[PDB]
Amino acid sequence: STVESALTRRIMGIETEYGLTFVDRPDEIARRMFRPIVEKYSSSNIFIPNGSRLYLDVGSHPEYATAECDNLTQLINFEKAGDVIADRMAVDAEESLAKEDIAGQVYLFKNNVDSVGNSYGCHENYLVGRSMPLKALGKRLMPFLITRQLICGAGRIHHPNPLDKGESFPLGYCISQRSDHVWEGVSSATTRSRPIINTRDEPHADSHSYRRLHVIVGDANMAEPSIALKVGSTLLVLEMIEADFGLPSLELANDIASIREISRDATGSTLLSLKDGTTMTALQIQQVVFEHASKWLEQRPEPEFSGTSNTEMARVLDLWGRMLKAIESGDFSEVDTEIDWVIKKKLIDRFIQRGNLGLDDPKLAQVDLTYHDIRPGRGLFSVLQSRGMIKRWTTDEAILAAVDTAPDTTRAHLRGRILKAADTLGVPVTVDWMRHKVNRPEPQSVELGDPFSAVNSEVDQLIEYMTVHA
């Protein structure tokens, strides 16, 4: 018939298994043999049975990304589980070193800046519906975000850099760790530019229904009530926008014009220029959003399934209100076990008082840093919390459970089921946020496009398939 139909140029490939024997367990032979290539070429994105991901690359900061959460307290549990998991890695490294002659300490800091000026992110991801308009973000969300540091910042001691060009801020305590770096990123017209809000990321969801909103402006927080207020306040703001609840447009003429200045002023009197031509203080912006959020709660429909409860939002708003009254009155005694920058500042002030120290005293720098050391009993946050000087949002029991067990209300529940079977059956599997694949014998794939669903019959078939060939 048709001779031109034969594919004379065709794609082809061979897969060959090799018999591996060692002549004097053997499992130790295979492991040492695979080691060089595994460490060099394996993917750096590592998914673990609690549904979370670790990003580990020998030239990069280690990063922990929580599993998908549908509830505020649950999110807190899983973020704290990350600190436990990362700390355990450090502890095990110290021991393997100690087994060798070499001894010393491994430190992991959860903060946003290092002695050399390097930046470290703590990023938020929020699912929103295609319902919410592009425009609203700049108008409504953004002004809240620029000032949110007043309520949730982790604090840092700022030293002027003599080689810095174009601007100088004096030696001083800032409520925010991130603000100067955020300013640089936004100001940059080069590859160095970092946008504060990004709606265009791969949604890790069905693209039609769902957008993923990625926010870079927040500090890494230690105290559980500070994480709760940071994420909690933001959740309420998103709901009000989604509900068209009447949050006024606060839109700023230039988003970063005041961001560094707000950081230096704990009275919140910093003045921002609205695109209106009008001006408001950072505190006034927060008081506006707070008052509207307080009215939202009165009409907030209770979620029928999972979600964050009205009772829990009332705890969020209670702390929110108390913090604004403290910034306004200048009296922090009601908030000073809950808010990172305040807790830290209170300790720094005791040291200054007692030792008559200056703000650049190495002793203070040690407080500012070791507050962020995640090692239980060594780190300053751990000591404070153990003595009752930092209040709890959640419990140790819940954090411990989240270390090995995935969220049971979301897609992560399914990823967790797959990984646990893989561990027990001994079968290799490859997962990501959406795509889940068994590599052998035949490559069975499943795509989980709905991040809200903890039920899929395809996943049940996949797990039985694995069980069949174990």
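Residue indices: 1-based, along the sequence shown.
Student: Would you mind checking whether any residues of the deposited sequence sit unmodelled between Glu17 and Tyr18, and how many (none, 1 to 3, 4 to 9, 10 or more)?
Tutor: The entry has no unmodelled residues between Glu17 and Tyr18.
Student: Pick between 343 to 351 and 394 to 402: the one whose mean CA B-factor in the entry is higher.
Tutor: Averaging CA B-factors over each stretch, the winner is 343 to 351.
Student: Looking only at CA atoms, which has the higher mean B factor in the entry: 68 to 76 or 111 to 119?
Tutor: Between 111 to 119 and 68 to 76, it is 111 to 119 that shows the higher mean C-alpha B-factor.
Student: Can you tell me which of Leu380, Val231, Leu163, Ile259 has the maximum CA B-factor listed in the PDB entry?
Tutor: Spelled out: the listed residue with the top C-alpha B-factor is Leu163.
Student: Sorting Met323, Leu213, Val316, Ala205 by Cα temperature factor from the record, which one lands on top?
Tutor: The listed residue with the largest C-alpha B-factor is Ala205.
Student: Would you please rank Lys437 by its C-alpha temperature factor against the other modelled residues of its chain and give the third it falls in: lowest, middle or highest?
Tutor: It falls in the middle third of the chain.
Student: Divide the modelled residues of the chain into thirds by Cα B-factor and specify which third, lowest, middle or highest, holds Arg148.
Tutor: CA B-factor rank for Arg148: lowest third.
Student: Of the three thirds of its chain by CA temperature factor, lowest, middle or highest, which one includes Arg140?
Tutor: Answer is highest: the recorded C-alpha B-factor places it there.
Student: In terms of the chain's CA B-factor thirds, is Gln177 lowest, middle or highest?
Tutor: Lowest third of the chain for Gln177's C-alpha B-factor.
Student: With respect to C-alpha B-factor, does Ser445 fall in the lowest, middle or highest third of the chain as deposited?
Tutor: Highest third of the chain for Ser445's C-alpha B-factor.
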